[PDB]
Structures are given as structure tokens and as C-alpha cells.
Amino acid sequence: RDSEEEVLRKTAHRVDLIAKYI
Amino acid sequence: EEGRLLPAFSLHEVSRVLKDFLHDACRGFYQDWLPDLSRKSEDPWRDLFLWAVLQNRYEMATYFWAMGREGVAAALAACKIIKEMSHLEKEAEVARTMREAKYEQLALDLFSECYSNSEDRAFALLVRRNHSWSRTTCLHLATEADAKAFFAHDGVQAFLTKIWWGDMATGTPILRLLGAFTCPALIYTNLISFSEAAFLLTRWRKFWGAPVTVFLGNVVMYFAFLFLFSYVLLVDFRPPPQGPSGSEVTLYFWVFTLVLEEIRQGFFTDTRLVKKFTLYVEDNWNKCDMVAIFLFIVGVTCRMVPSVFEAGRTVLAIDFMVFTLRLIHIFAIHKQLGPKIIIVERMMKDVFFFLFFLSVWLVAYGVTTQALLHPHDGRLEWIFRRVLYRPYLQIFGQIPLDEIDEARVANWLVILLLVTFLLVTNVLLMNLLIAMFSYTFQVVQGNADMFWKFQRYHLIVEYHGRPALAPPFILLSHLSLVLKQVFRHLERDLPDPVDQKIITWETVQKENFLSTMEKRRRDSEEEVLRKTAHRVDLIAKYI
Amino acid sequence: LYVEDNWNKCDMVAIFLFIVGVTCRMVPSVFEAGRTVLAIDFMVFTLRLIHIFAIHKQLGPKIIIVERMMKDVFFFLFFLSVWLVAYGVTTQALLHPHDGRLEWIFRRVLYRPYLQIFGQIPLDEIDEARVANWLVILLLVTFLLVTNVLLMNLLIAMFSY
Ligand SMILES: [Ca+2]
Ligand SMILES: [Ca+2]
């Protein structure tokens, strides 16, 4: 869960969702 | 339970076990068999730190150390205690974590920080008497802890060097030093900077008090003694009734002076005599010196007994070898030479392994070959001589085919076996020596290089304790010291005011160090990422 | 500037040797010694030749490597002498306790370690059966092991480094 890669991917996904919503 | 000769133990047992772990540093703890409980302890933080480090709880021990004064002394005794409680660990798995305590790292990290600013204060810190740990200096505590990595620090070496030159220029050409040493007139002039008829006497004392000068003097005197002994052994040796001479007497008196100096070095440098004797046994060089003087004493008996004229002489010859080996110790000081001696000393597997590897093949080969060549030999000693000489001589080009080759007085088998030997031992010896030498070397590149520094420190302290007079002249300094005692440096510490400022300054340094460590922790890429992710998640949930 | 370089100094030593040697033709009696000086001068010039090699891409780095390795001379001269002189003293003490010549003892004690390395072992003067043995064998084994591993190895670790 704490793989830097996993953190990055989750972050990117959330940013994209926030962007599409906003 | 042994002292008898909810749990039953009390603070008395804690004090006793702390004494068992550290003799001089912390013996007095909880003297006043217990004290009134109503009384608060004189210094709490140290007690809590000890309690933490005993129960083997790191991340609390660090915290207790943080808000405790006089820290660089603590974080070293703590390493001593944990490293000690390794042979006392019942379970191996646990024994590993505590063996990974690395408390010493705090000592190094703090010492570096304080060394960075105001070094003239750092040295004062390094050898100040310690108020809490039963008034012992940091260096003694490092010795007892056997923290080599601490000695490896640059500040330690700088301080050691400052002591090494007495009161003189730190750096001075070796040739300029030799010139200042050989001719006292050059001393009066300012060949090299000198730290600050009476003026001439003080300059003379400043020159002869510096350790390096005593070192060189002992060197040259030892050379002198070795040469006189060699001359006596070479030509003076003569039949016991009419064989010793005045020169032999002078040599014997010289040896008496040497052994007296060694006893002084061993015993009068240490509460009990057994303790000092153990300290003396500790080092190897002291033991070699003991073997040397024992050999000399037993050899001296030769002059007394006519018949044993030759054997005792041989003993003396061996004693010469012994002294020649003694000479090696001197080399430790030099930056280049030392590491080589460290490397060759570390490589001690070769003796055992190779003695086996050579013997198992040589003895069997000799038995088989002597079985082939001459099946009728009735002499055990002659067979011993032959079977010893053959492998001893075949390596160095001495191959007597006049006794092995029927055409020159089974051959091809002997040739095949000798080829197998000269190949497998060849590749096997130098190669193993060398892989291990590199690795042993490489091991030495780190750990034995640290030892070299360790060895340097030991030598420095040893020469500091010596008086100016040489081995043959010690007969006056030891006598004068004994007379003064019968008639009647590092240890020195400051006053309340002066010291307190130092303590406070060190405290501030420790605080700055910790704040810096925290700041560096703040900028970890991991920390930035985590904070970013948290903020994004919060923003997402809110939006 | 001229003193700076080493090769200039070697050239100076060479011409000094030649100048002093040329005096041989003048003095009849010193006919041989000056000739020997000239012989040494030849060695000097032969060493001078090495400088030339610097240009070549391959050769040069080898000369650089051998020149950088100057610890060996001092360390090994000590390491050989300390053992050789003591060994010779002890062995000559054992074999012949009555030697009255300093120069003869010098010749013997010099020749023995100089020749034992290269297969010249005159047992006719060391072995009573061929005119204390086992001690000499043990010491020679200890030497031929510790100097062997110690020399090439140290040369080589340092050579690599
Ligand atoms: Ca000693
Ligand atoms: Ca030129």
C-alpha cells in the first residue's frame, strides 16, 4: 500500500477526478 | 538471592549490577542500605535514562537523553552497557536487536556538532571531569566501552596530536626535527615555533618534555642496545669460566634497567594489584617483552654452568630474534607503515590452515617415497632427517636426484605427485592469502585502519607516561621518583563558574543538532508526498 | 624551473658521472675504478632512455604506475633487512662460533640471503651431514611464506589501488 508508485497513482487519479468535477 | 547468603530485589541490587557493568564510572549510585524514599533524587533524567537503557527500550532512551545535561558522556556509557549485555542474553534472536543498539552514533553525532564551533571549547569538553558518572573522564569511558569508531573521529586525532607535540609547532619537517634533536644549540634559535638563564632553562624543559622527543630518544637508545648485544653475542661469547667480560656485565646491567623500566610501566601507572596485573596482561607487546626477559634470564645461567656452554649460547641467540621482533612495535606511529603491520597481523588463519595443508601432504608423500626408494631403514632419526630435508629442500631448488633416480645413483609417480603439489599449493596458497588479504585487507581498510588509529592512541598515552631518561638512564629517574614518594593534564578540571558556561553551551549545541535533524526530516521526499496526498484527499472530500 | 623536473636532475647526475670518470685517463693507478664509474654511467644513460616512452598511448600509463609505487622501496628494504640480518647473525652464531674476520663475516652474511632466494643453497657449509637444522628450516619456511604473501600481495593491492 505504501509503495511510492501506489501513492502517486492514487494521487493522480484523485486529481483527475477533481479536475473533471470542477 | 546471592546477597541473601511482588519481587524481592531493591535499589541495592540495581546499584550492584551497575557496579558490575561499570567499575569506576558509576559505583557510588544510591549510596545514601537504602535512602529515605521521601527524598527526590539529585538528578532524575540520568536515572530515567538508565532505567530505559536497561529494559532495552530505545525510542524512550533517546527521549530521556534529549533533555539530560552532560550527554556526550552518557551516550557512551550506554553503548558500553548494551554491548556488555550481549554475552548475557539467553535468546539469540533478541540478542541481535540489542546488538544493533548503535548508541555510539549519538556520541559521534553530538561530538561532531560541538567540534564544528569553538574547538578550543570542544577540547575542554573532551577531558573535563564528569560530575555525574562518579567523576571520570570521557576518554577513560571510551576505553572501557572499547568504542573504536569514536576514536576514529577527527577531533580525537587532532587532540591526540596536540598532546603528541608537547609545546611545539604542530607540523615541522622531519629533518628539521632531527636537526633540533641532535644539536642543542639549534634549539635556542627559532628553527620552529615554540609555544609559550631561567628563560633558557624553560626552553630546555619545553623541548625535552614534548613526547615525540622522548619517543625518538627511546628509539635511538634501543638501537644502541641492540647493537651492543649483537656485538657481545657475535665475538664476546666465550667459554663460561673465562667467557664473560666487562662488556657482558654492562649488557646485563642494561637488561636490569630495561626490566625495571618495564615493571614501572606495568605496575605504577588502578585500585587493586590484580586489576593492574590484568591491565598489564591485556596487551600483547608486554607479553612479548616478558618472554624476552625470561629468555634472557634463563640464558644468563650459561655463564655459571661450564658444560652447557653451547645450549645457553643458543638461547641467547634466540633472545636476539625475540628483540628483533620486539622492534616492530615502533613502526606504529608512521601513517604509511602501520596499516601494513595491521594487515599482516590480522591474517592469522594462514598459519593454522597452511600448516595442516602442508603437513598432511608432505608427511604422507615422504612416507610413500621412502617406502619406494629404500625399503630397509633401521634408524628413526635418519628417517626423520631425510623425510624432513626432502620437502624442506625440494621447494628451493635442492633436488638430490643422486639418491632418488636409479639412473643417477617409481619415478613417474613421484613426478606426477610433485606436479600436483607445485600446482595445488601454488594456486591454493597465494590465492587464498590474497583473496583474504583483499577482504582481510578490505576488512583492514575499515576496521583495522580504525585499529591503527586505536593503536596510535594507545602509543600516544604510553609515551606520555614515560619519563625523559632512556632505558639505561631510567635507573636515575625511577630512583628519584621513589625517593620523592618516600619523602612525601587530562585529569585537570575547571571551577564552578567556568565549567557551568561550558555545560550550558554544550546543551545549546545539542538542541541545535536535534532541531537540524528534525528539519532534515521535514524535507524528506516521502514526507512531502504524504502531506500532499493527505491534502488532496481532504480537498476531494470537501469539494 | 630547471631544478623542478626530475629528468633534468638525472641528466645532471649523468654528466657529473661522466666528467668525474673522464679523470681516469689522466691517472695511471686509478685505471680500474674510473672505468667502473664509466660502466655505471652507462647504466645511468640506459635509465635516461625511459623518458622517451612517454608519447605512446599504451606504454606511458605503465611507467606512471611503476613511478607512483614508491612505498615498496622503503617498506620492503626494512622488511627484508630486519629479518635477514637477524637470521644471518643467529645462523652464523650456530654454525661457526669462531669467526675473527669482519669482512669475511660480511661476505658470508651478505651472500647467504642474496643467494638462498635464487636456488643457491650451499648445504656443504650448513649441514653437518654435508660438510640446528630444523630451526633453520622452520625460519626459512616462515620467510618464504610471509615475504611471499606479503610482497606480491601488498604490491598488488596498492598496485590496483
Ligand atoms: Ca611497554
Ligand atoms: Ca631535457
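Residues numbered from 1 in each chain as written, not as in the entry; some residues may be left out. Chains lettered and ligands numbered in written order. Part of a larger assembly, values for the part shown. Heavy atoms only, no water. Residues with missing side-chain atoms left out of burial classes, pairs and counts.

1. Examining the overall build of chain B
Then, number 1: Secondary structure assignment for chain B yields 25 helices and 0 strands.
Then, number 2: Radius of gyration (C-alpha) of chain B: 32 Å, far over the 24 Å computed for a compact globule of 543 residues.
Then, number 3: Its C-alpha atoms give chain B principal-axis dimensions of roughly 105 × 80 × 60 Å. (Helix = DSSP H or I, 4+ residues; strand = E, 2+ residues; numbered from the N terminus. Rg over C-alpha atoms; globule rule 2.2 N^0.38 Å.)

2. A few points about the overall build of chain C
Then, number 1: Across its full length, chain C carries 6 helices and 0 strands.
Then, number 2: Element order for chain C, N to C, with α for helix and β for strand: α-α-α-α-α-α.
Then, number 3: By the compact-globule yardstick of 15 Å for 161 residues, chain C is too spread out, its C-alpha radius of gyration being 22 Å.
Then, number 4: Its C-alpha atoms give chain C principal-axis dimensions of roughly 60 × 55 × 25 Å.

3. Digging into the interface of chain B and chain C
Then, number 1: Listed as interface residues are 12 residues of chain B and, on the opposing side, 11 residues of chain C.
Then, number 2: If you list the elements that add at least two residues to the side of chain B that touches chain C, you get α18 (309–326) and α22 (411–464) of chain B.
Then, number 3: Ranked by the residues each element gives to the side of chain B that touches chain C, the list is headed by α18(B), at 4 residues.
Then, number 4: Of the residues assigned to the side of chain B that touches chain C, the class counts are 9 nonpolar, 1 polar and 2 charged. (Contact = heavy atoms within 4.5 Å. Nonpolar A, V, L, I, M, F, W, Y, C, P; charged D, E, K, R; others polar.)

4. Structural notes on the packing of aromatic side chains
All names here are of chain B.
Then, number 1: For the ring pair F29 and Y30, a centre distance of 5.7 Å and an interplane angle of 45° mean the geometry is tilted.
Then, number 2: For the pair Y63 and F64, a centre-to-centre distance of 6.1 Å together with 55° between the ring planes defines the contact as tilted.
Then, number 3: Taken together, the ring pairs connect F111, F150, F151, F454 and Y457 into an aromatic cluster.
Then, number 4: Geometry around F454 places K148 over its ring, the cationic atom sitting 3.9 Å from the centre.
Then, number 5: We note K162 situated over the ring of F123; from NZ or CZ to the ring centre the distance is 5.8 Å. (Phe/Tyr/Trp six-rings, centres within 6.5 Å; stacked < 30°, edge-to-face > 60°. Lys NZ or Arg CZ within 6 Å of the ring centre and 35° of its normal.)

5. What about the packing of helix α10 (residues 154–164) of chain B against α22(B)?
All names here are of chain B.
Then, number 1: Their axes nearest at 10 Å, the elements α10 and α22 cross at an angle of 30°. It follows from the interaxial angle that α10 and α22 lie roughly parallel. Crossing of α10 against α22: the hand is left-handed. Together, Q157, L160, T161, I163 and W164 of α10 and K453, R456, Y457, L459, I460, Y463 and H464 of α22 make up the contact between the two elements.
Then, number 2: Tallied by class, the residues present in the contact of α10 with α22 amount to 7 nonpolar, 3 polar and 2 charged. (Axes fitted to C-alpha atoms, helices over the stretch in contact; angles between N-to-C directions. Parallel < 35°, antiparallel > 145°, perpendicular 65-115°, else oblique. Left-handed = near helix turned anticlockwise from the far one by under 90°.)

6. Remarks on unusual backbone geometry
Residues and elements named next belong to chain B.
Then, number 1: At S118, a residue that is not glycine, the phi angle is positive and equals roughly 55°.
Then, number 2: Positive phi, close to 60°, is recorded for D146, a residue that is not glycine.
Then, number 3: The topology assignment puts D146 in the loop between α8 (138–145) and α9 (148–151).

7. Overview of the pattern of salt bridges
Residue and element names in this part refer to chain B.
Then, number 1: Note that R69 and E70 form a salt bridge whose closest N and O atoms lie 3.3 Å from each other.
Then, number 2: For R313, the salt bridge is made with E310, and the minimal N-O distance between the two is 2.7 Å. Placement of both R313 and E310 in helix α18 is noted, with a separation of 3 residues, approximately one turn of the helix. (Salt bridge = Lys/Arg side-chain N within 4 Å of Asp/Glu carboxyl O.)

8. Notes on the interface of chain B and chain A
Then, number 1: Taken together, the contact pairs 4 residues of chain B with 5 residues of chain A.
Then, number 2: Its residues assigned to classes, the side of chain B that touches chain A shows 3 nonpolar, no polar and 1 charged.

9. Some words on the packing of helix α15 (residues 246–267) of chain B against helix α17 (residues 284–300) of chain B
Residues and elements named next belong to chain B.
Then, number 1: Running from N to C, α15 and α17 cross one another at 150°; their axes reach a closest spacing of 11 Å. If you check the angle between α15 and α17, you find them roughly antiparallel. By crossing handedness, the relation of α15 to α17 is classed as left-handed. Contact residues: α15 offers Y252, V255, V259 and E262, while α17 offers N286, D289, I293 and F296.
Then, number 2: Here the residues of the contact of α15 with α17 are counted per class, giving 5 nonpolar, 1 polar and 2 charged.

10. Focus on the environment of B:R203
Residues and elements named next belong to chain B.
Then, number 1: Residue position: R203 is located in helix α13 (residues 198–209).
Then, number 2: In the structure, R203 is positioned 53 residues away from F256 in sequence and 33 Å away in space, judged by C-alpha atoms.
Then, number 3: When residues no more than four places from it in sequence are discounted, the contact partners of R203 are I187, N190 and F194.

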